[PDB]
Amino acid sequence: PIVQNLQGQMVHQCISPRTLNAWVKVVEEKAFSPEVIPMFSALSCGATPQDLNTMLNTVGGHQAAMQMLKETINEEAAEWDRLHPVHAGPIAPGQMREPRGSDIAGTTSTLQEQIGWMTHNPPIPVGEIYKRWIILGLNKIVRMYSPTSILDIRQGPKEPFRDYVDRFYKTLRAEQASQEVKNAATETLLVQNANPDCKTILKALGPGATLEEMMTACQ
């Protein structure tokens, strides 16, 4: 990653064994549960494109997903190249060349180039641009591997309302509902999918009940 040291210059630091192992283990334990994504982003704080490739390449399973991710990265790289074409022909001696999509993705750029871009004044933030593409891909994977429609999350007859609400919003998160819908689903599908006893209680609460109030009501 690129870090400020103790004396305020941005320099390269090797990726730590602790970081490498954290990432491999979270993928082993959680697969593509949605909360793996913010974990990736956090563990990749300050990453160069080289570091992001290290993290992705250290994954041993899930090669269908990793191939889908390669496809998404190629699409974003191709769109970058449409927006920001680069001068063909020889670079100015000693000067910084402009990054192409594959340079951002770390496949045709050196670590030194990456460092140069990222520590330029002002920085050409190749690590952050690539990380956005990766996360775009990972979010597709999450949605793909979500095993259950929100329509099929219904409260069982002796299921505690809290355990049902947990299943409901765990499902909405993987299915990738916007916050609008998450905020909104509470006046609607959450009540619809509730068991008959709790449904009666919730119907009687009136509109504009908070989730807290719904949860208390069906406790």
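Between two forms, the rigid core is the largest collection of C-alphas that superpose within 1.5 Å. Just count from 1 along the sequence shown to find any residue number.
Between 195-203 and 9-17, greater CA displacement relative to the shown form is found for 9-17 when the structures in 6 other deposited structures of this protein are fitted on the core.
Checked against the other entries of this protein, residue 109 counts as resolved in every one of those spanning it, not missing from a third of them. Modelled in this chain, residue 69 is likewise resolved in all the other entries of the protein that span it on both sides, not missing from even a third of them.
Averaged over their C-alpha atoms, the temperature factors of 155-163 and 172-180 are higher for 172-180.
When the mean C-alpha temperature factors of 119-127 and 96-104 are read from the deposited coordinates, 119-127 comes out higher.
Remark: of 58, 186, 48, 192, 186 shows the highest value [criterion: C-alpha B-factor in the PDB entry]. Split the chain's modelled residues into thirds by C-alpha temperature factor. Residue 15 is in the middle one. Ranked against the other modelled residues of its chain, the C-alpha B-factor of residue 78 as given in the entry falls in the highest third.
Among all modelled residues in its chain, residue 91 ranks in the highest third by Cα B-factor.
Ranked against the other modelled residues of its chain, the C-alpha B-factor of residue 135 as given in the entry falls in the lowest third. Among the modelled residues of the chain, residue 111 sits in the middle third by CA temperature factor in this PDB entry.
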